[PDB]
Amino acid sequence: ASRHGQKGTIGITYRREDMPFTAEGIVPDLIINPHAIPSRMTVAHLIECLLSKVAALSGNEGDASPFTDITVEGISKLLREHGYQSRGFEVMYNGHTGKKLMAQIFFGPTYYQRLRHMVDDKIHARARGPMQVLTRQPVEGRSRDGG
Amino acid sequence: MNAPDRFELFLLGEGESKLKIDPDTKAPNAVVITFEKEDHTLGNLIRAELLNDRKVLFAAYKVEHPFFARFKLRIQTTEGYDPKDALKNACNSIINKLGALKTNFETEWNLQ
Amino acid sequence: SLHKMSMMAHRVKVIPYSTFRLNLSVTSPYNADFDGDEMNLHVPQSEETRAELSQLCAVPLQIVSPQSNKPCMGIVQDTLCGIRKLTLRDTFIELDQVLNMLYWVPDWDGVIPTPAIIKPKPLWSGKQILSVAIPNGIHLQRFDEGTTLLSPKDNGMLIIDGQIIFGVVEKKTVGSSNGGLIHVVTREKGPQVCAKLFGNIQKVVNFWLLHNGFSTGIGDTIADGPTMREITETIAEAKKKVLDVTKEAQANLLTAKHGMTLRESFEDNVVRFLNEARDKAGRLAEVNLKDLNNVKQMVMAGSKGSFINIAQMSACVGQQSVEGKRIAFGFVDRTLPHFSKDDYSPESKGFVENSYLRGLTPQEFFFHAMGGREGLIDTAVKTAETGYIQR
Amino acid sequence: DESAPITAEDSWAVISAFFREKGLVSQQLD
Amino acid sequence: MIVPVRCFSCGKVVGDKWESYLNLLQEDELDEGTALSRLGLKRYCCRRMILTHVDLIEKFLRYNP
Amino acid sequence: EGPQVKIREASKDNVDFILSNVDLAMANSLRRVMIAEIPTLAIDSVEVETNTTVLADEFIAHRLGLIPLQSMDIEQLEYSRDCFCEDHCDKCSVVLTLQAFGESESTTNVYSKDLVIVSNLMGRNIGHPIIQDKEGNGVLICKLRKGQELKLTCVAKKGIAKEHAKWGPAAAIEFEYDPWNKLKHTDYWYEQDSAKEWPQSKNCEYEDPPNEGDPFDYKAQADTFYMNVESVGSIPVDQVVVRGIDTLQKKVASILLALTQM
Amino acid sequence: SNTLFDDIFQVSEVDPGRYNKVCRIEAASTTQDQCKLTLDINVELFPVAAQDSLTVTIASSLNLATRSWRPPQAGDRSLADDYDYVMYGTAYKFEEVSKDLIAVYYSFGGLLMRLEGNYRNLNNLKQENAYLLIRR
Amino acid sequence: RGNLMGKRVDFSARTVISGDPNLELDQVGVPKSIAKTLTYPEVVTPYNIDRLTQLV
Amino acid sequence: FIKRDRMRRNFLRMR
Amino acid sequence: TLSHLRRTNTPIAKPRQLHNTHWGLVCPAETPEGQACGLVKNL
Amino acid sequence: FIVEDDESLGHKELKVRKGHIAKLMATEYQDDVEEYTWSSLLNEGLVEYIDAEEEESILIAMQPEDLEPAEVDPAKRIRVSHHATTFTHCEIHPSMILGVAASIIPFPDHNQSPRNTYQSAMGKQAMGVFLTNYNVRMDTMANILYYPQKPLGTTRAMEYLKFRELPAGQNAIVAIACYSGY
Amino acid sequence: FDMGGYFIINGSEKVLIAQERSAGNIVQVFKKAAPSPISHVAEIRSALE
């Protein structure tokens, strides 16, 4: 999950050579689906990504405090000063064919939280387990190996 | 827990051939070569070459699913020209090009 | 499991790791999204039963649903967003890539189609190679306002002998809509083929999409300055109208609609103007957004979001409301301590002027939190009650 | 000078001097 | 805790940089934006390692075994 | 004829060069190789004799896994599964060990330099933990206070990145081509104008301006690739280029053989 | 194998509506006052200015379905050499409007063309796949 | 309600679902572990006998 | 734009 | 942990809905989602 | 804050002035005499406690230097006026209306409210280093992430949650892209 | 960093969730909206400090 209420599992993992990559050589650690943003109408998840990208470059942590004078344009100007595109879009090349992507990818660091829920603690499959003493129907629960 | 061993990405399987050549019925003189324990790195390389050859009609490849590392490569040529032969030619081309690059590079490196 | 669709047969493909894997067309009937969701599987133990599943509750049989007598399954999410981009006129695909796309169609015949453009250069259009996915002998025509046999706006849809002639594939065509492509293929070619269709369309669109690339970013939500000032005034005048209604009713010069109390007619009008304002603002933001705006691309395809979203990101959040009314008075004669008593201005009673992109002043934010809470509460109540009706 | 009005950023210093005194879970302890 | 070695993206070795980093900050008062540069962290994939890092091994050592 | 290469920048940690007269695929195939399939030495196993540290044991064995080692001669160290002995030997592996006993009242630091190679190397250059620091210490494995002691044995084996990223020889690899947009592989998102907003890429200097008055050439193909390569240091950068190329070459060769035997 | 239709037109109007790579072309016949053309071309390949004259031809086959297209090898005489811009498509509608005025509609992979004129002229066009040829 | 009209049952598996594009519409990927746990009692006959024998 | 922690250096150089 | 310490409970006018008096006293954001929604409050 | 009309100069102003402030940070950065602190601020009548009941009878200004004095780039948000001359009290900082969970959210003003709620709940179950001493203590189901990192985008309030000393997550390079459909 | 603010019983960390209630001693009036003959109730709940 993010700090923004975005939560998602991992779809799949790729290695460096298979991920897309910026001309500068950075590869993203993580990729998410654009369709998350418009429906959920979380802009902060974007803004943070940008602001962080500046804090990353300049070496000064950013102030996200809720009610302040910090404005998007202000950030964009700061970022442009470091020579990246001012909105955080960045040109990426496909991993497989090493060809530029006709679209540019919004790209940058963001802060993420791993969550308690882990697939290993969840998955279970029962065929012919133990039965409850009372109803002689399969027991309840994973730890008890129920159905 | 169920993560397959990482080495299965490259180590050849038990009694599992490097290639498989299956003639395809739908189109004539066309054949599909499955590779084992390979991915884009090798795959896309060839196909580019296969398209340089005038005498090769159709060449494409796909990794059918990212988990397993294998892919299929389909070649089709004009009559009287063995697709396998075409693939041999493409390989001999690449190996040449690389060896040239190595020579040229080390050459450029010594001048530093 | 409130649909008969919610339990369906499936054909097992053993794969490694942990999660159940399944195609995304089937995510809608289960009302399923992939974050922490889980799905119980049930193996039949008897040959008889095993047969029944394949012959009754199978997924290809479930494409058409008796509820709304239309497709309940259809292209969704990234695939749907991409396919639109693929069928645009501006799109063309070079040889090398056209080959691979074709080869991703599993059942493809081995016949390369004649490129739509020759000399200079071979070029295949998008519609052309997409038509490879569609089974032959399908005929569809759909006409819209502005649609003509030329269709300059590329509205509508037309397919002949399983070849797309014009029209851009999108929700009302390939989606779950009543007269959709899917709905037709099901009847014409049989469900067993209609299922195979989804696999074809996806594997293609998804393929071209990873090489085309797609994304979204803040630049999509930012409106150009002249639009910004235009939105600004467009609100300001609305506030001005409201203020005049206020002065009038303060002077007892207003006459309430019959059956409505004076203050009722007052609120009714004020809200009317406000929602009109928010809407007029949104429309401005939409018109401004150019064709390469990503969010606009997603809305035009209809995958996610809608007009009101771009309204709130780029333009205005609008009236926050509790229980169908403007924010009430918790404190005596005021909404928050920061306002003098008996202040009916929409700033006081909870109109939220700033769009999410610009952020909210605190007394705005608080209101918007009240509205959100109403939204969570009632939602929990409706869900809990509706199930007990279903029973 | 000392008697001048205060800027907004200043206010944070106050809040620090608050939590130094009280602590986050203080109402339970007091 | 204790200085991630290498880097979560680019793979450049970030471990040894840590000590010299604290050296620069304490000794030369230079701001981070300068420090990381002089250390030779060009990309910001690296930079976030050093800058964002929180070193708890210190506060662990103060317990008696 | 074949490709030509012009090295712009050659440092200890970085090679930057222009590669030219090559189809896109061959290039991308290369960088994928150097990122992944180049052999390297790394620690494949740990035996912890005594650990009093605050750091969890496998937490340590993780960090040890990441520590670059000197791979120069790795060519002649066989794979684990190739050697016929049981577990390891001096043919398939290199043995490293570390003894750390906290002395002073002040905090003691375990450094990468503190590893010591106990196994006979047959006089081949392998396994020395690499120090690119100017102060001559290197990777910081773990800290110790006073009575906290750490003594363990590491078994370094040969491997490649695809198996585990701790074998990856190459840090980030900058790949670029067509700095001006001449080929039109990319359309630019913009607000008012794309030229003003989108930064001018540095490599643009080595190619011609777009020459706005021109019709679009549809024949041209991608060449003149800009590659910057960065080694972790476990292999010298020039070797990273050469070896990656060679490895890829052997791979294609394997294909050719498979065809030959049928 | 032989030309179905030929003429020289002149561009009345060019519309790059919403689209970067395709413009819609309003062109009239040099000769017959009743022959009109609306067509959609890739501009990036074959640029077009208004009032330009365009040699237009159809010629249902370039010879001098069921056939897999091939990369032209070399030294191959395909016809098409004379014409600078070649497209391939099919007539999806025949509309009889008035008198001797007939209109046909050729979809080319989704690029649309409306050809119109004297019933005398255009009779050679029935339902078959057509190539479209242009030069200058 | 609890123990008759519905009940807790055997031969069932539960896990997280995640999507895959490369699967045909009707299928589902089932992880090897679960597969190795659940089982289907097929009947021996002349047709399957060889295949079953191999399984055993 | 970012959070200023260099207030130890600022308050030491001012007081 | 901290949010758990400060957490305040209301035993079972619509109470669940956020009320104007809560300005500055009780977090508008943090609430549990569920049967207990809006009955639990955070300082 | 307690606002007072009574002044040598003109309009109303907060009683707290820079002198008090520097007199506080003297204490903070120090660790000269008597340790001027919150109790002091409260005894001198600068800051006052207010319940919900007394909140009826007063009038509050959101920002001191915005809304106190009597009298524009398009980016900044739109604000109300100072026309009220009677302000008795001024808010310390508005952000303090957020609880602990929300405090960690960056820019919560820019989020739709339920995404703040869902974050308030989910943030409770995240992994992260809960206490320095976990190594010496026994309890069921402890979870610790190897390499915690303090976020780049921060909220000032995090300073007082110790969130930079006990971070719950890791900054990660993230691209929003429709890539493989996975 | 431990915040205290809780009790240890039987080697488990217990906390008291702040319990809430309506003030005592304050007069309140309320409408009865139903056929019940009472138009208005005035409640006061009285308790010693």
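The letters A, B, C, D, E, F, G, H, I, J, K and L name the chains in turn, as written, and every chain counts its residues from 1.
Just so it is clear, contacts are C-beta pairs under 8 Å (C-beta built on N, C-alpha and C of every residue); 3 or more make two chains touch, one makes a residue touch a chain.
Colleague: Which chains, if any, touch chain I and chain L both?
Modeller: Both chain I and chain L are touched by K, going by the contact rule given at the top.
Colleague: Any idea which chain sits dead centre by C-alpha averages?
Modeller: A
Colleague: Rounded to a whole Å, what is the gap between the Cα centroids of chain C and chain D?
Modeller: Distance between chain centres, rounded to whole Å: 47 Å.
Colleague: Rounded to the nearest whole Å, what is the centre-to-centre distance of chain H and chain I, using the mean of the C-alpha atoms as each centre?
Modeller: Computed from C-alpha means, the inter-chain centre distance equals 65 Å.
Colleague: As a quick test, compute the distance in whole Å between the mean CA positions of chain C and chain F.
Modeller: It comes to 44 Å between the two C-alpha centres.
Colleague: Just how far, in Å, is the C-alpha centre of chain K from the one of chain I?
Modeller: So the centre of chain I lies 19 Å away from the centre of chain K.
Colleague: Taking each residue of chain L in turn, which ones touch at least two of the other chains?
Modeller: Residue numbers touching two or more other chains: 3, 5-6.
Colleague: Taking each residue of chain F in turn, which ones touch at least two of the other chains?
Modeller: 24-25, 28, 32, 36, 54, 162, 165, 168, 172, 187, 189, 218, 230
Colleague: In chain E, which residues are in touch with two or more of the other chains?
Modeller: In chain E, 1, 8-11, 31, 43, 45, 48, 51, 60, 63 touch at least two other chains.
Colleague: If we count contacts the way the header does, which residues on chain B are in touch with chain C in the complex?
Modeller: 1-4, 24, 26-27, 30, 47-48, 51, 58-62, 65, 67, 74, 76
Colleague: State the interface residues of chain F toward chain G in the complex, per the touch definition above.
Modeller: Residue positions touching the partner: 184, 187, 215-216, 218.
Colleague: Enumerate the contact residues on chain G facing chain B in the complex.
Modeller: Result: residues 68, 70-71, 73-74 of chain G touch chain B.
Colleague: Okay, in this complex, where on chain C does chain B touch?
Modeller: 15-18, 95-96, 99-100, 102-104, 108-112
Colleague: Sort out for me which residues of chain K touch chain H in the complex.
Modeller: 180-182
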